[PDB]
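Worksheet: one structure, shown below.
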Amino acid sequence: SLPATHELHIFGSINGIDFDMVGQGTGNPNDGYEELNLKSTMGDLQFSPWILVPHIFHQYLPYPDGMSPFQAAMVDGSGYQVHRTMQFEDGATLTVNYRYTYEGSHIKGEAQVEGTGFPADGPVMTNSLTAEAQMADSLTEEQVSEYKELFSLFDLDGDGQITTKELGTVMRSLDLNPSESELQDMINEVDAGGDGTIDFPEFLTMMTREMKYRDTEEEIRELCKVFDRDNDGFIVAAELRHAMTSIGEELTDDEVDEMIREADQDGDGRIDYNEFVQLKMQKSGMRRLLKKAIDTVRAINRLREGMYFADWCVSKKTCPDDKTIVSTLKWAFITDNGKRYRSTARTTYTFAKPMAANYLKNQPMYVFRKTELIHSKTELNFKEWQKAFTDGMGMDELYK
Ligand SMILES: [Ca+2]
Ligand SMILES: [Ca+2]
Ligand SMILES: [Ca+2]
Ligand SMILES: [Ca+2]
C-alpha cells in the first residue's frame, strides 16, 4: 500500500559536469509533505544545487476526493515513468527521466539528469541562486520610518495593531470591496502571533518578504497602471491628486508641481513609468508623500497575494489519453542580486495501466507546491509541500 519512506539516486551532468547523489527521506501520503536528505558520492557540487530543485515523488500526493493517479499506480504495483524537460529564460535546457521500484511502503527512485547551455557566468554556474537574496533584512533609518508611517495609515486608532475592521476601512477608501471572510484570510496569512491581528513586526515581515514571481522593481512597475487612470503611460497632476485623496491627503497647486519636478528626470513636465519606478527605487515633503501612496497600494496587494496562496508554484495537470498525464508550470528562483531566474517545465507521466474513469473526467487538476532547500557543497536537505485542487472558473488564471 501507500508510501512512508523513500530514497533517491539522482545523477547525470550539468554543462558536462558529472554529479551523483544518494540519500533517504520520508513523507506523509495524507497531506503530500516530503523531506529528503542527499549527499554527493563524487566531490563538491560545481554548480548551484538549486538546479536539482524541483526535481528531487508524487506517490506522496493525495487528490481532493481520494488517492491521486500517482498513488493508485503505486498501490496496485503497476507504476509510471516520468520524463521532464525544463526550458530556461537564458536558453538552457534540462531533461530528467525517472524510474521507481516499490518494496511495501518504501520507494526507490532513479533520476537521470541532463542540463546544457547554462551561460558560464550565469547564476547556475556561478552558484548565485538562493532562498533569500543578499539585502534581505537590511533597512536604512529612512526605510524603517516609511514602514512605520505606512503602518500608522493602517492602524487607524493608533493601538499598535491592524485588525480586520481597520484593513476593511482603508481598503474601502481605496475603492476596494473585500468581504469579512477575505479580511480574515488576509490577516491570518500575516499573523504569526495567532491573536487575529497584525502588529508592526508582522507587518514589516509582510512588506519585506521576497515573493517568488516578482522582484521589487517588477512589483513597482505593476503599480504604475493603478496610478495612471487613463493608461496614456503618464501620471499627471490630476492623477497625483486622485491618488493623494485616497490616502486622505490634500495638496495645493505648488505642492503638486513640486511632486512632479521631484519625479521628473528629463524636464518634459510629465512622470512616465521609468521615472515613477526611479522615484520609488531611489536611496521632498512631497517625495515622502508619494512613496507612501505607492507603498499603500503595494501593501494592499501583498496582503491580497498571500490569501489565494500565490507564493506557491502552481502546476496544471491534464490527461490526453488514459495512460498519460501532462503537467506544466512556470518556475522561478531567487538570485543573490535580488533578481528572478525563470523557466517553464513540461512533465509527461506514462502509466502502464489505464487510469480510472474519475481521473479522466476531473481534468485539469491544479497542484500548488512549495519547496525549501538548505545545502552545503556535498549535502542537501529538501522539503516539499503539496495540495491538489479541482478545476473551477478562473483557476486557469491563478495558474497563468
Ligand atoms: Ca488598531
Ligand atoms: Ca499578531
Ligand atoms: Ca495618465
Ligand atoms: Ca518626464
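Index from 1, following the sequence. Heavy-atom basis, side chains included; hydrogens, waters and symmetry copies ignored. Counting convention: from 1, in listed order, for ligands and their atoms alike.
Coordination check, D268 versus the Ca ion (ligand 4): passed, since an N/O/S atom of the residue sits under 3.0 Å. The Ca ion (ligand 3) has an N, O or S atom of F234 inside 3.0 Å of it. Backbone or side-chain N, O or S atoms of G267 do not reach the Ca ion (ligand 4) at under 3.0 Å. Put simply, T163 stays out of reach of the Ca ion (ligand 1), with no N, O or S atom under 3.0 Å from it.
Geometry note: the Ca ion (ligand 4) is the vertex, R270 O and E275 OE2 are the arms, and the angle is 90° (rounded to 10 degrees). Between OE1 of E166 and OD1 of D159, the angle at the Ca ion (ligand 1) works out to 160°, rounded to 10 degrees. When OD1 of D155 and OD1 of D157 are joined through the Ca ion (ligand 1), the resulting angle is 70° to the nearest 10°.
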Query - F276 vs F227, ring-ring contact (aromatic ring centres under 6.0 Å, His included): CA-CA, chis, key distance, verdict - result: CA-CA 10 Å; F276 186 88; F227 287 72; 5.2 Å; yes

Report task. Begin with the C-alpha distance, continue with both residues' side-chain angles, and end with the deciding distance and a verdict on side-chain hydrogen bond (donor to acceptor under 3.5 Å, both in side chains) for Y349 and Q81. Result -> CA-CA 6 Å; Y349 304 88; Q81 313 178 335; over 6 Å; no

Query raised in the report: side chain to side chain contact (heavy atoms under 4.5 Å, CB included) between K330 and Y399: does it pass, once the steps are laid out?
Result: CA-CA 9 Å; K330 326 269 195 325; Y399 150 75; 4.3 Å; yes

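A distance-only check finds no donor-acceptor pair linking the side chain of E149 to the backbone of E146 [under 3.5 Å].
Counting only N and O atoms by type, the side chains of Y366 and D396 include a donor and acceptor under 3.5 Å apart. Defined by atom type and a distance below 3.5 Å, a donor-acceptor pair is present between the side-chain atoms of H106 and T5.
If you look at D264 and ask which of its N, O or S atoms sits nearest the Ca ion (ligand 4), the answer is OD1. Sorting the N, O or S atoms of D232 by how far they are from the Ca ion (ligand 3) puts OD1 first. Taking the Ca ion (ligand 4) as reference, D266 places its N/O/S atom OD1 nearest. Restricting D230 to its N, O or S atoms, the one at the least distance from the Ca ion (ligand 3) is OD1. Closest approach between the Ca ion (ligand 3) and any N/O/S atom of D228 involves OD1.
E275 pairs in a side chain to side chain contact (heavy atoms under 4.5 Å, CB included) with only one of the listed residues (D272, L279, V277), which is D272.
Under the 6.0 Å distance and 45° angle rule, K108 does not count as a cation-pi partner of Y100.
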